[PDB]
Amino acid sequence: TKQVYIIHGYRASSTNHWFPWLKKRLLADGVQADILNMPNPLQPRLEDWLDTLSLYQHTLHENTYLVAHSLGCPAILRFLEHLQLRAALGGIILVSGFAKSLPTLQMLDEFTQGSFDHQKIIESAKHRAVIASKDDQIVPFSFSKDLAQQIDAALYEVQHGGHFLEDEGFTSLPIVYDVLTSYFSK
């Protein structure tokens, strides 16, 4: 049975941005999606985000898919590095993903300090994609393209996407639903 988990970033929760839209759009296809909240989204700590993800660890299988936004991206990358898996998850989609310090949000450096084991991430997710906005002023586009290269992920550029936030109009995001769905047909 397919399962999609949706993981938010800094200063967000399950009710923000495009997450409710994506959950409901998936439900229209009979696909179960759960938006996960992380602890202390205003002062996030990597170890606590990883401990929360670990609450779900026993449910992760070959038909599980993880969709993350912004800070949720390096969090799930760190999670997969330390996960013992019998087989790869179905896939990951990293919206505005990054794996190094964000100059305008250095308070979040602990989530990306240190190199990542790229091979383990590649082996942990059958299908991989990064969706990124060319005019993102929080996560520079180049950082998302860099990450896509490091983890051999398909990169989808949106020329004018801001940072895919509700205050920029992104209470929906069809590209994420369509990229995800293409994984299911494969």
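Note that residue numbering follows the sequence shown and begins at 1.
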Check your understanding: Comparing 26 to 34 with 138 to 146, which stretch shows the greater average C-alpha B-factor in the deposited entry?
Key -> 26 to 34
Check your understanding: Looking only at CA atoms, which has the higher mean B factor in the entry: 3 to 11 or 177 to 185?
Key -> 177 to 185
Check your understanding: In the PDB entry, which of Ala88, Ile92, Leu71, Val95 has its C-alpha at the highest B-factor?
Key -> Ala88
Study note, to complete from the structure: Chain-relative C-alpha B factor for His118 (record values, thirds): the middle
Exercise for review: For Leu102, return the chain-relative third of its C-alpha B-factor as stated in the PDB record: lowest, middle or highest.
Suggested key: lowest
Revision key, fill the gap. Of the three thirds of Cα B-factor ranks in this chain, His127 occupies the middle
Practice item. Taking the values exactly as deposited, rank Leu53 by C-alpha B-factor within its chain and report the matching third: lowest, middle or highest. Key: middle
**Study point:** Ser133 - Cα temperature factor, lowest/middle/highest third of chain
**Key:** lowest
